[PDB]
Amino acid sequence: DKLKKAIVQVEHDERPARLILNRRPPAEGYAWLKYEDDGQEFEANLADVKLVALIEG
Amino acid sequence: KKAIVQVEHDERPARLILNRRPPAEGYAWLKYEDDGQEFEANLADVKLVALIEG
């Protein structure tokens, strides 16, 4: 019913990533994401990020 | 202290309900800030706005 932890799957620059929920935004409307293909964390303007899926961690 | 993921649907602010399982892949449950109504949305039609971190 209930997800205890969730992964917010997104896309940025054509690549699958997830939002890092526990890292503060660097600027208004931005967030840190982690790309799935290399595990690197980077800042993104949320206006340029598409939501893909919500699944259990 | 839970994270809050702020979005917009039909130009109205809302949040993703992070603790409720979606019924279908690429969909989710959202709650409008203005009336508290919970509803199903296709994430393709949902704009991400801000993160309040956990």
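Sequence lines set the chain letters: A, B, ... in the order given, protein chains first and strands last, and positions in each chain run from 1.
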Say whether A:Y35 and A:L19 are linked into one hydrophobic cluster, either directly or through other cluster members, by side-chain heavy-atom distances under 4.5 angstrom. yes

Salt bridge between B:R12 and B:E33, side-chain N to carboxylate O under 4.0 Å? no

Quick one: do B:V5 and A:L51 satisfy side-chain contact (heavy atoms from CB on, under 4.5 Å)? Show the steps, please. CA-CA 11 Å; B:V5 170; A:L51 282 156; 5.5 Å; no

Should A:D48 and A:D13 count as side-chain neighbours, where that means a heavy-atom distance under 4.5 Å? no

For A:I7 and A:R18, which heavy atoms make the closest approach, and how far apart are they? CD1-NH1, 3.7 Å

Heavy-atom side-chain proximity of B:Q6 to B:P13 below 4.5 angstrom: no

Taking ILVMFWY side chains as joined if any heavy atoms are under 4.5 angstrom apart, and letting links pass through other members, which residues group with A:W32? A:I20

Determine the minimum heavy-atom distance between B:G54 and B:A3, stating which atoms define it. N-CB, 3.6 Å

Quick check on the hydrophobic clustering: are A:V10 and A:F42 connected, directly or via other members, by side-chain heavy-atom contacts under 4.5 Å? yes

Within the structure provided, determine whether A:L21 and B:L51 are in side-chain contact (heavy-atom separation under 4.5 Å). yes

For a quick test of reading the model, state the closest non-hydrogen atom pair linking B:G26 to A:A53 and the distance between them. N-CB, 4.2 Å

Shortest non-hydrogen contact from B:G36 to B:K31? O-NZ, 2.8 Å

Could you pull out the closest heavy-atom pair between B:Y27 and B:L43, with the gap in Å? O-CD1, 3.8 Å

Tell me whether B:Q37 at atom CD has more than 12 heavy atoms from other residues, nucleotides or ligands lying less than 6.0 Å away. yes

Taking every heavy atom of A:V52 against every heavy atom of A:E11, the minimum-distance pair comes out as CG2-N, 3.9 Å

Flag yes if more than 12 heavy atoms outside B:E25 fall under 6.0 Å of its CD atom; otherwise flag no. no

